[PDB]
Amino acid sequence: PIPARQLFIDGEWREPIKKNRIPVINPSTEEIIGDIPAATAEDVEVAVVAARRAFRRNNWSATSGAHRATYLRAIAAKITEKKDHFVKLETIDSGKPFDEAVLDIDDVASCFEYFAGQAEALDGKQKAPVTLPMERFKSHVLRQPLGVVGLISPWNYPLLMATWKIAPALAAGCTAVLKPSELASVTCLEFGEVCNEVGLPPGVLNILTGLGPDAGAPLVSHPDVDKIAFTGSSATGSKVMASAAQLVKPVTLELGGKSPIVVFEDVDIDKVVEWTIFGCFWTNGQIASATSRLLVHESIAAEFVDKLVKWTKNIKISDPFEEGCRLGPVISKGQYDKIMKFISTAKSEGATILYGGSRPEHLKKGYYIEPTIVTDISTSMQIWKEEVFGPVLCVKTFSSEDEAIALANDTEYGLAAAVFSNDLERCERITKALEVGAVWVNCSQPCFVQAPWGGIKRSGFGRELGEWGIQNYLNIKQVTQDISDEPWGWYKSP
């Protein structure tokens, strides 16, 4: 059985005011395994009032970064301590292979530990001097918490994506309301328990589960929420930013993508094929930065794709708890239907389904989709243009570096890309030319909390993580003082 919880507001478990709840479904069995609170606008009001109250106390926001760091480290210890509990819940809820979930939960701890360090570095950045040319004045910078922030996250790494926002927010001195995805809210609710166990002050983090328009939208439109951190689809990001615009409320947008993986002839085919499959099929294909468009040099394309299908066919598809699982079911019935629709229109538009594109025969139940390889691609095809968010990879060949770069940048998106070539000068040339927020060289998808992360173009804007993460939650306050004790001397005294 799974946990059963209420909303987490002001250090305590509270029932949604309208008392609606929605199903939790296991994507591996299609069965109802529990349910979660379904917050509405009334719950948002209560949660942000608590967040505002917590922000105004003398125990969090104006405290030192080192002080908040003890909490972040304690959270990291708690998570690591309760590792089995979270991994199992994440696996049951999200359908991702057990081995993937342990890395997620490992990364959650890593991220809180990383931002404890960032909270500490903050102290030394306080009253950072600004050198002015006039001896009459002095200037420095204060870095203060912005205030109450709304954090809205997706389901593909349920607790990790929440953590990418929570850790920086707390590190900065903000208080927060989290609204995780309705497709995978179990571990994020469990996180409320962790907060209470580390004695995180009441109202510092509030957790509201529910649907986007019912719990999320009121969070974005609330007069007393100073900032929104949003991760989701480009279409939703547009709505969120449009709403924020009414109150001129700042947002960050981590949105969708259709990232290319470019592969030249001078590579180790077997090493690149594994990265290619990690690039497009890992996390069951539900990666924002998934390298879902393979561009491979025509001189090695036939051999490459042959070994691609051979590795792909060796991927163990099973219940995510089965020993050796390397591909689980996609997250939901809705997603399953969308992905299957993408596959059919691909076939209808003239694409070749070279492998997969179907349900695994041995698995009667669960939203299981075979890793799918799609060839004979035209660039006008939907499957080439739009984010599928399923284990579906498109293949095109190129003749020259010139054509590789043209094809790689031929997308409205711009989150990431990967480039493979033993000529590292070539790699750098491609790297600079890619219209993208992140470039992997001779790999695809490694994600470190140390490095800034974000897209351009229709993949959104702003950078989370690394030294950039905490500054999304800061008021950069200028303070400049007249130290002369002299009259200004612009006007005439009477």
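The numbering used is simple: start at 1 and walk along the sequence shown.
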So 339 to 347 or 387 to 395, which one's hotter by mean CA B-factor in the entry? 339 to 347
Between the two ranges 443 to 451 and 58 to 66, the one averaging a larger CA B factor in the entry: 58 to 66
Could you say which of 83, 249, 326, 222 has its CA atom at the highest B factor, as listed in the PDB entry? 83
Residue of maximum C-alpha B factor among 258, 165, 313, 140, per deposited coordinates: 313
Residue 203: CA B-factor among chain residues, third -> middle
For residue 20, does the deposited CA B-factor place it in the lowest, middle or highest third of the chain? highest
Quick tally, chain-level thirds of C-alpha B-factors: residue 226 sits in the lowest
Which third, lowest, middle or highest, does the CA B-factor of residue 9 fall in along this chain? middle
Pull the Cα B-factor of residue 278 out of the PDB entry and bin it into the chain's lowest, middle or highest third. lowest
